[PDB]
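Remarks on the structure that follows.
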Amino acid sequence: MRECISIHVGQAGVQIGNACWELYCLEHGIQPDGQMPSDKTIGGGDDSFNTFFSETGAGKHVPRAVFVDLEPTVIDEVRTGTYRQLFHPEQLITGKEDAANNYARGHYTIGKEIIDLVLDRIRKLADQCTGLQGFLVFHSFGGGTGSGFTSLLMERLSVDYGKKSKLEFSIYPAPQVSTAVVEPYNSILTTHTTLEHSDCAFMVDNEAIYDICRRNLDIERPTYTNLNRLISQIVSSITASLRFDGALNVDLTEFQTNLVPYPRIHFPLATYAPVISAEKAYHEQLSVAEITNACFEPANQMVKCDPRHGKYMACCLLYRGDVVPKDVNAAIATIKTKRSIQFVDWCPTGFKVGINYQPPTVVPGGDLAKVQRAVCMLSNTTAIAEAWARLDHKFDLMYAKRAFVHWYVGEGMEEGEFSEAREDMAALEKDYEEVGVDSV
Amino acid sequence: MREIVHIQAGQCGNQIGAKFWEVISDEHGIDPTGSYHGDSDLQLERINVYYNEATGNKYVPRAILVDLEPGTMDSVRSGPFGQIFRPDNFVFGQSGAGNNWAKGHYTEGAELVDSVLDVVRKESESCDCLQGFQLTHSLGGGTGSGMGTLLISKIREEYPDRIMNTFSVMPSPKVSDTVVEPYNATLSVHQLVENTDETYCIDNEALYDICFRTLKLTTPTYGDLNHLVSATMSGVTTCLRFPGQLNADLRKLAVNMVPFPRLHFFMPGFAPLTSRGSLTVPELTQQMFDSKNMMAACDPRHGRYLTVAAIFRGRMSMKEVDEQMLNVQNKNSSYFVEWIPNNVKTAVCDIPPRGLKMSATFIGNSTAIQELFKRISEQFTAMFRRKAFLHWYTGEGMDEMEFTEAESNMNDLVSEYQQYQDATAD
Amino acid sequence: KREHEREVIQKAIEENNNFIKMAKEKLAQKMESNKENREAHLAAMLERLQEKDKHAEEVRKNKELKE
Ligand SMILES: C=C(CC(=O)OC)C(=O)N[C@@H](c1ccccc1)[C@@H](O)C(=O)O[C@H]1C[C@@]2(O)[C@@H](OC(=O)c3ccccc3)[C@@H]3[C@]4(OC(C)=O)CO[C@@H]4C[C@H](O)[C@@]3(C)C(=O)[C@H](O)C(=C1C)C2(C)C
Ligand SMILES: Nc1nc2c(ncn2[C@@H]2O[C@H](COP(=O)(O)OP(=O)(O)OP(=O)(O)O)[C@@H](O)[C@H]2O)c(=O)[nH]1
Ligand SMILES: Nc1nc2c(ncn2[C@@H]2O[C@H](COP(=O)(O)OP(=O)(O)O)[C@@H](O)[C@H]2O)c(=O)[nH]1
Ligand SMILES: [Mg+2]
Ligand SMILES: [Mg+2]
């Protein structure tokens, strides 16, 4: 009951899924073969970790996940990797030809040939759930599959599973690791098409993660592996309330109630601390106050923007590890006196707190130090529209010359879909301005 | 995997094609007998792109050899790696093309094209997921120019949703004496603008100047020119042949490099280039962007870059590569169009070429390529002005309207490059 | 109050069904419109190429006449 199905789309979605499921197994004591010697409920159960893992009679704990990509080489690494025995072959779906960084190919030309099979596999997972709560969809904005196929999948999921909640982890493009000039096109197209079908989306700015890895972990040139291990810690903090239970544990859907004031305004800003190397952590024990203070440093945000130049509509603190409410309250009191936190006049100014007691863990051979306590802040700030503005500006520069548009029209798309998508983004930016203006 | 079918047509096409297969066979550990004898699994990870695996663990190039005379292909078969090619993939006639585009495109070439199309189908039908074709040819002769573009059109009819890529050798009076080459080149470029997705412009004038001025070769030979071409072709195909994130297939390369369908003519470059009678990441970067290192006789500082792909090869600091690539962009921002943000993409491959520890390959879509087409147009009009040497072509059934139409199309292409060079954002 | 309670839940059901229905129809239109557009672009490409094939035959026919 309360099961969650994860869907990982394209290279970024799949590789981040690899990092997340590896971390989940370590957090829950699940071996690479799927066995879990602590779970005495063989073949089933209603434990908290059963929201993300089903169980076979042979004692294997199987991720409630589907991996999908339009070319096979990334998922082939899952099929032969360390955690190959975790998944059954039917959960790993590949085509032969990818979307070539072209939204039109992922949504139409190539995606249409595999969408029905993907839905059949998702249905197989859903049929095993006694009370399915919804979906978590991992994908890039910039790739042709991550953009085009995700939006097709989200559209089809709304038809097949009505209003059942769909949450996103979306990889926002960064020039330091980008592979396509047309990523602004793909980002605007998928954001427009998915907007009405997503209940909540956590954007992850690759440049913000890149900068955190360079600054806080002393990594000269972060790789996807560096980025994804940090991303999985943030994803784990967000999903920890679903996979663990406790008396201070606040469910994610309760945070979601505070985080989404209007359907379209559903993009929380995530901030995570502490991100520290083992050589630096060996001296310091970072307190509740220190990690809480770090949540209001813009350098620790998952999306580059300036919340000091926006207004807050919600502020959530998700703690994990050795944390008690007494220390949280004292830390929050200090923050309110010394920090720039302005709310809109129509919402309460308090902070919503959840504490999950199992301490965080790290994958062996990683760069993050294992700490006794961590925190993820989820805030709804109007400042996150700055990320849309940067994308919208790159879109406008290219589209004014119709640069690269022929690649999309050649696959059946019309120029009207570009302008329709761009106008929706303009209205979204104006929506963020409107929500932040004082009442009368 | 994602197979590429290779075709080489005419004298120049088969000679540069043979050198390309020699170079990449060494890189992938394939000997002249087709057996693998390398020491790295990275050599075999994407070997399917260019090689079929036959019986006995042998690797056979997915290559088709075409010519209207047997001479060049006989020397290929008797060449170094002549035994690696499939014997059934040699398709040749006897009449020749006489350096006549009309003969290659309309008469003798049309006589043979169906036999070439038969072997193309067999290679394509044995592909798990064919991505497209690469053609090597010259534009100044008859077979590679006329029949090569005929092959492009006929293949495109049967594979309309596959990528068509060419390595096209542009003529120059510094290498070739024949007077009709501006005609043959202009007729060929007219076909390439319409029916190819990406074309590497291999300019014989640039190859000559590099050999003469830079390499200090007093009398450059075709072997010297083709030595530059094989190094360039190995560089620009590295992303297709080895595991990588950037431009890993023909379609992703085209989506990154071609903002408008007709402007798909690339200026390639290579570094280092120095004479034999005598390296840091910053020096590699500055050289690869220098006009002297370009394989098209165009100065990029006379125009603006639409898109650029840069590939660094060897063991080096990626952080340094990243810094130097952003350095050259910010310092020369005038020469990159502002309305295509982040238009320069960089890849790094750990395995370097045979004789170098570090190298760099440049692929530029610059509006300065119009200098190449202006040079050809100037030579074309100097002859067409006086209807000179036209009887070779009208005798094969062509009308003067086809020359006028081809000339106007290339002048239109030049105007298009100038339009986007002058375009602004604000 | 009982009739208001049944009207509320009927409204919730009708809104959910109408969201599903309109998402289903819009996607069907988009996929059909995209299918028609891409096939029309391929057809224009092949017709241009076939115009080149006939031109190759008029050239060969014109050479034969001048003999
Ligand atoms: C396959 C062949 C040769 C052949 O048989 O083709 C079928 C080949 O050359 N491959 C190379 C390669 C490069 C990129 C991708 C894949 C392979 C490489 O691995 C190698 O061996 O370079 C060769 C090439 C050289 O001749 C030479 O160039 C020439 O004189 C020359 C003459 C006419 C045309 C072109 C060059 C070469 C140059 O050229 C290069 C390429 O570096 C020129 O400026 C470059 C700087 C080099 O320092 C300098 C000066 C050398 O001095 C060096 O001692 C040397 C190497 C390292 C040679 C003297 C043997
Ligand atoms: N953080 C992170 N970003 C990634 C990763 N892989 C790709 N990206 C980003 O994703 C974008 C490119 O999209 P991809 O996911 O690689 O493309 P795709 O979804 O497979 O779609 P196609 O290959 O075009 O069919 C770029 O912005 C990359 O920086 C990853 O493993 N981690
Ligand atoms: N770079 C290079 N150019 C060549 C080579 N052979 C011929 N050419 C050029 O090709 C043009 C002549 O075309 P050619 O290949 O002989 O015509 P074809 O055999 O009938 O297709 C001339 O401009 C030559 O300079 C070669 O091996 N290398
Ligand atoms: Mg991909
Ligand atoms: Mg010749």
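Per deposition record, X-ray crystallography, 2.0 Å.
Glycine residues also receive a Cβ, built from the backbone N, Cα and C atoms like all the rest.
Listed in Swiss-Prot for this protein:
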type     : residues                                                     : note
ACT_SITE : A:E254                                                       : active site
BINDING  : A:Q11, A:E71, A:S140, A:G144, A:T145, A:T179, A:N206, A:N228 : GTP binding site
BINDING  : A:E71                                                        : Mg(2+) binding site
CROSSLNK : A:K326                                                       : ubiquitin cross-link
CROSSLNK : A:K370                                                       : ubiquitin cross-link
MOD_RES  : A:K40                                                        : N6-acetyllysine
MOD_RES  : A:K40                                                        : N6,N6,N6-trimethyllysine
MOD_RES  : A:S48                                                        : phosphoserine
MOD_RES  : A:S232                                                       : phosphoserine
MOD_RES  : A:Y282                                                       : 3'-nitrotyrosine
MOD_RES  : A:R339                                                       : omega-N-methylarginine
MOD_RES  : A:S439                                                       : phosphoserine
A:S140 (GTP binding site): secondary structure state under DSSP, collapsed to three categories: strand
Cβ neighbours within the same chain of A:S140 (GTP binding site) - under 8 Å, at least six residues apart: A:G10, A:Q11, A:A12, A:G13, A:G146, A:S147, A:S170, A:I171, A:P173
Distance, A:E254 (active site) to A:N228 (GTP binding site) (CA atoms, angstrom): 27
Residue pair A:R339 (omega-N-methylarginine), A:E254 (active site) - Cα distance, angstrom, rounded: 26
A:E71, A:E254 as recorded positions, winner by CB count within 10 A: A:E71
Candidate recorded positions A:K40, A:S48, A:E254, A:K326, A:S439, pick with smallest Cα gap to A:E71 (GTP binding site): A:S48
Local Cβ density at A:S439 (phosphoserine) - other Cβ atoms counted within 10 Å: 6
Farthest-apart CA atoms of A:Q11, A:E71, A:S140, A:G144, A:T145, A:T179, A:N206, A:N228, residues recorded for GTP, distance in Å: 23
Residues near A:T145 (GTP binding site) in space but at least six apart in sequence (CB under 8 A): A:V9, A:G10, A:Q11, A:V68, A:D69, A:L70, A:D98, A:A99, A:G106, A:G111, A:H139
Of A:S48, A:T145, A:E254, A:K326, A:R339, recorded positions neighbouring ligand 2, Cβ under 6 A: A:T145
When distances run from the Cα of A:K326 (ubiquitin cross-link) to each of the recorded positions A:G144, A:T179, A:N206, A:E254, the nearest one: A:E254
Chain B contacts among the recorded positions A:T179, A:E254, A:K326, A:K370 (Cβ under 8 Å): A:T179
Cα separation, the residue listed as 'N6-acetyllysine' to A:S48 (phosphoserine) (Å, whole number): 14
Distance, A:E254 (active site) to the residue listed as 'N6-acetyllysine' (CA atoms, angstrom): 30
Among A:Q11, A:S48, A:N206 [recorded positions], residue with fewest other Cβ within 10 Å: A:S48
